[PDB]
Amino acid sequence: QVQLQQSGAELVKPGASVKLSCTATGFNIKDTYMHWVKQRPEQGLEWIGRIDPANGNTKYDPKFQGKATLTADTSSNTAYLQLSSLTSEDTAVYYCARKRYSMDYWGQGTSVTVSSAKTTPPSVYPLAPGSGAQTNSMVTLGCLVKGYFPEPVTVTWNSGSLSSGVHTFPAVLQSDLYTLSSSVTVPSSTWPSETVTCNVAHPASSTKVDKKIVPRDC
């Protein structure tokens, strides 16, 4: 019955401000300490600070004094982390946690990206096998998601129907644009006889693209 609901992802220009919401359920916020944790990509966890919702007492790690301001509203049982003076070093996922009697529960986390680069929708390219490709029991199909910013994008195959043989690869940043690929391996008796479609979503640009894997036509 205890869950922490965090706000959606944010892309902000450098020097801007952001406010994140952590809505709680199953426990009143004033009987516990709410904590916020920062995790830079491919890095560790950094304790930002702790808020006492009953009285408003705030203790921050000395590195987060001005950047992070923690405010709580007991009426909505919602804890807030405000991040200002944002730079690229603030690009991270921010979690909210509840701590009381050495007990902990964490939210899903909110991704904040700080960059001057503009939002760029991806280009989704179906990757069918070569025209003279080898025929076997299984056939591998691909999907290329190129030239998008910011992260993340979500890739699904046949709206979740195909999931066993999917390898979605981490994105690579180049010239302020991300590119990733996804592969799905299906039995050759099921393609092209059955449909295989690449479903790509890029929430930051409100982009949802479906690209069916059609055999190459010469």
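Start at 1 with the first residue shown and count on from there.
Novice: Report the stretch with the higher mean CA temperature factor, choosing between 188-196 and 150-158 on the basis of the entry.
Specialist: It is 188-196.
Novice: Do the CA atoms of 177-185 or those of 53-61 have the higher mean B-factor in the entry?
Specialist: Per the PDB record, 53-61.
Novice: Tell me, please, which of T140, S115, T71, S84 has the highest C-alpha B factor according to the deposited entry?
Specialist: In the PDB entry, the greatest C-alpha B-factor among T140, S115, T71, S84 is found at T71.
Novice: Taking the Cα B-factors listed in the entry, which of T119, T135, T110, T91 comes out highest?
Specialist: Result of the comparison over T119, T135, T110, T91: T135.
Novice: Grab the CA temperature factor for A204 from the record and place it in the lowest, middle or highest third of its chain.
Specialist: Tercile = lowest for this residue's CA B-factor.
Novice: Please place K30 in the lowest, middle or highest third of its chain by C-alpha B factor as given in the entry.
Specialist: Ranked within chain, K30 CA B lands in the highest tercile.
Novice: Ranking the modelled residues of this chain by C-alpha B-factor as given in the entry, is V145 in the lowest, middle or highest third?
Specialist: Ranked within chain, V145 CA B lands in the lowest tercile.
Novice: Lowest, middle or highest third: where is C96 by C-alpha B factor in its chain?
Specialist: Its C-alpha B-factor, which the entry lists for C96, ranks in the middle third among residues of this chain.
Novice: What third of its chain, lowest, middle or highest, does the C-alpha temperature factor of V124 fall into?
Specialist: Within its chain, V124 is a lowest-third residue by C-alpha B-factor, going by the deposited values.
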